[PDB]
Amino acid sequence: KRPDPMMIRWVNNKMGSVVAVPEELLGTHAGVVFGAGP
Amino acid sequence: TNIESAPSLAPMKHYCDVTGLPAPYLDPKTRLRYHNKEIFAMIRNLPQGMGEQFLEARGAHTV
Amino acid sequence: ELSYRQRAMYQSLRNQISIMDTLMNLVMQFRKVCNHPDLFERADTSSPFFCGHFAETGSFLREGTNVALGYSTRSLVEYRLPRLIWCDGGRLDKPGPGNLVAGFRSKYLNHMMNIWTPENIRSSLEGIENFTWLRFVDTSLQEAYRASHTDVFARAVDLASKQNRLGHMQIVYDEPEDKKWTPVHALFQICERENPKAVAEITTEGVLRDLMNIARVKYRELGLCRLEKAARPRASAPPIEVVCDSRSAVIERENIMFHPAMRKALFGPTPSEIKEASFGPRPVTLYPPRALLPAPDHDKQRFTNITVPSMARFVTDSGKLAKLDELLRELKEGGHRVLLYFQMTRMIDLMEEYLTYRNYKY
Amino acid sequence: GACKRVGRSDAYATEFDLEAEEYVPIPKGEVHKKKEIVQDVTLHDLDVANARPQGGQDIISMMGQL
């Protein structure tokens, strides 16, 4: 299985919250906020 | 070099195979271009091989 | 007792008796409607009468598996104009040979002798001259010139690309030392810089927020977004068209009646644009930032007058079935799930649909 | 800055045997023409033109009502 190239995932539970970013989006403008721009 | 011309890219005017007048129509059956219902009637009543004889003047005969 | 639907059918059958005072077939179809009106003429997805031309399919067998659905819908009211009027300068605004006025008048009245062009505004921008206020209304000479020339739809799309920043300043520039700071180039934008709405969005208990939402909350609480439509238009039509035997007329029909930029605004970005906007190295703006078509007020009817039959009607449309449903919902305590007998075979099939709606086992 | 499509030139009329197209003869005159036109407007035409977007600028006007 592989995640959708265009969708960023937020998930929250008892341990708190994480965001996970497709490696297809790192190196785009969308990666910059995660510290992984062009 | 005796190699010295090429086909046109302009689209081609349509003329009546019988009478050379402008032809709106192309007969599906005999592949002749014809001016009007009078010449379509005549074209469909040609003797054997005369349809090819009209295509030969256009250089379009079946061979 | 018969349902109102059964009653209407049964009445139309006894209208046939006016000829006859086929009776065997009549009494057999009286028996059908008394079983269920769907045995007589089954209820189906329905719509208003359509008062328009369309191209209908002539053969189902020759259509094949792959087919192109063109948009054939056309008005039967069919207004025929000569191209002299509709195309060749009988329209005053459209320039061409034989309309020498229109091209001149377009340039001079919209650009040269037009007070809103930036070269004209800039001469009046000062003192007590007529554009003196422009310095403080938060708009450029370019934007003033745009708003004077684009129509209210085009301006409304441009207004989608804007931010309520003067409302955010109300959140931020708040202390007495902020002196209600406002950009001097936005000085006259008074009511935007101060109104209760922006603050009410931000408070932790939304008292003033709720008070401003009452009307739409009440509307949805009443379920009027979900209640079945009690009426619809009985006939529906497409717009009237000009019929003019010119290619330009056909082009113009597409430009106006199926206007691309309006449609693109309503329905928003295409899938390729969303990809290009998302994978690029830098952000990029989209012609509309979003689909600007409103949400429909009715959650199920949306933007169409098509109606779909329902199992609720199905039960109640037969008086027997309605009565049977009431007693089955207590005989379930006894069982007897298939202790039912029918004089008609198709009635058994309808009962399978009812039972599966009830999820009752056979 | 006005321009108009008059048609397709009928030298192309036999590109196909049917196309939904308006074939017109090539212009027989000079390709460029210079004409003196005396144009009249009124101050009211200027008012109207400055008060509201006019003609093909105001397409949404087709809805009528407001």
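Using ideal geometry, Cβ is built from the backbone for each residue, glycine included, and neighbour counts are taken over all protein chains shown. Just so it is clear, none of the values below were taken in a lab; they were calculated from the coordinates.
Quick look at the values:
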read-out	value
Bridge type composition, the protein assembly as shown - antiparallel percent by DSSP, nearest 5	65
Simple Cβ-charge dipole of the protein assembly as shown, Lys/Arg +1 and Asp/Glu -1, about Cα centre, in debye nearest 20	1200
Fraction of alpha-carbon pairs over 34 Å apart in chain C - percent	62
Ratio Rg/Rh, restricted to chain D and using Cα atoms, in which Rh is the Kirkwood radius	1.16
q = 0.15, 0.21 Å⁻¹: log10 I(q)/I(0) that the Debye formula gives for segment C:187-326, counting C-alpha atoms only	-1.16, -1.24
Among C:61, C:141, C:185 the positive-end extreme of the charge dipole of the protein assembly as shown (Cβ point charges)	C:61
Where the Cα pairs of chain B fall when distances are cut into 10 Å bins, in %	20, 46, 21, 10, 2
Positive minus negative residues near residue C:3 (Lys, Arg vs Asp, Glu; Cβ under 13 Å)	+1
Charge context of residue C:179, other residues only, Cβ under 14 angstrom, K/R +1, D/E -1	-3
With 20 Å bins from 0: P(r) over the protein assembly as shown, alpha-carbon pairs, percent	11, 28, 32, 23, 6, 0
For segment C:76-115, alpha-carbon Rg over 2.2 N^0.38 Å	1.53
Per-residue mean of C-beta atoms belonging to partner chains within 10 Å, peptide D:47-54	5
Other protein chain Cβ atoms within 10 Å, averaged over every residue that makes up C:148-156	5
Test item: B:41-54 mean partner chain Cβ contacts at 10 Å	0
Measure of compaction for segment C:1-125 (Cα Rg per 2.2 N^0.38 Å)	2.31
Segment C:121-242, dipole about Cα centre (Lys/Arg Cβ +1, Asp/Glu Cβ -1), debye to the nearest 20	680
Cβ charges +1 (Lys, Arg) and -1 (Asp, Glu), total dipole of segment C:34-115, debye	720
